[PDB]
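Student: below is the sequence, then the experimental coordinates.
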Amino acid sequence: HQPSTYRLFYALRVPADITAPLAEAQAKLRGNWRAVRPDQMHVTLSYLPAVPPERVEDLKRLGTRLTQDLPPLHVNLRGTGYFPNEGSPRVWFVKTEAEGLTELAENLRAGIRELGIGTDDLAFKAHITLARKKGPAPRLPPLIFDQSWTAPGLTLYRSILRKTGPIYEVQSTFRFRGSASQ
């Protein structure tokens, strides 16, 4: 076997006042849809499938540097949608929007690449995944949300696989220490 690696990802945590209405939307799921647990809900910015543990400190330094001059981000829930855009949906999600969020994700992805650490990302489209499936299920009706929250920091998570599903462990958090007026 080769040296062990970690599955890591940078994400925004989703607070209780947001996971609760999202979970209420999941009551509509039927069939082969598998709901994401509220504890598992997050806004992923980059996924790193195989990080050698000796590289984690570089990733922590990158998280601190990129968040130092941003204010806490104001994240808005928008409407629901599916991945893939193609006919059979595998993922149901809610779109999220925030000033600065695309720029943060793209700077993060560039910084990770600069470090020579591997990513496994698709084009960035900020969202919270609500459900996954394989195979047929009744499609959900379109929903929209009006809730928002203020994200105080960016989190680096490690994913560990379990029978129930993946479990996420916080590795480090990086506070947004900046302002949008100074």
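Tutor: Ah, there it is. Numbering: from 1, shown residues only.

Student: quick one: the helices in this structure?
Tutor: For the chain, the helices defined by DSSP state H occupy 16-26, 56-67, 101-114.

Student: residue 89: which of the ones you listed is closest?
Tutor: helix 16-26 (14.8 Å; CB to CB). Placement of C-beta: from N, CA and C, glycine included.

Student: one step back: could you dump the helices of the chain to a markdown table with distance to residue 131 and mean neighbour count?
Tutor: Formatted as a markdown table, these follow (distance: least, CB to CB, whole Å; neighbours: other CB atoms under 10 Å):
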| stretch | distance to residue 131 | mean neighbour count |
| --- | --- | --- |
| helix 16-26 | 6 | 15 |
| helix 56-67 | 29 | 18 |
| helix 101-114 | 22 | 17 |
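
Student: how about those in TSV, adding distance to residue 181?
Tutor: Shown next, in TSV, are these (distance: least, CB to CB, whole Å):
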stretch	distance to residue 181
helix 16-26	25
helix 56-67	17
helix 101-114	17
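
Student: which stretch among those comes nearest residue 170?
Tutor: Closest among those, once you apply CB to CB, is helix 56-67, at 11.9 Å.

Student: CA atoms only: put the closest one into PDB for me.
Tutor: Extracted in PDB, the C-alpha atoms of helix 56-67 (Å, rounded to 0.1, in the frame of the first residue of the first chain):
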ATOM      1  CA  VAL A  56      -2.400  19.800   5.600                       C
ATOM      2  CA  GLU A  57      -0.400  22.700   7.100                       C
ATOM      3  CA  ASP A  58       0.000  24.300   3.600                       C
ATOM      4  CA  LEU A  59      -3.800  24.000   3.200                       C
ATOM      5  CA  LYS A  60      -4.400  25.600   6.500                       C
ATOM      6  CA  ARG A  61      -2.100  28.500   5.700                       C
ATOM      7  CA  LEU A  62      -3.900  28.900   2.400                       C
ATOM      8  CA  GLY A  63      -7.300  29.000   4.100                       C
ATOM      9  CA  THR A  64      -6.000  31.700   6.500                       C
ATOM     10  CA  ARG A  65      -4.500  33.900   3.800                       C
ATOM     11  CA  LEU A  66      -7.600  33.800   1.600                       C
ATOM     12  CA  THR A  67     -10.000  34.700   4.300                       C
END
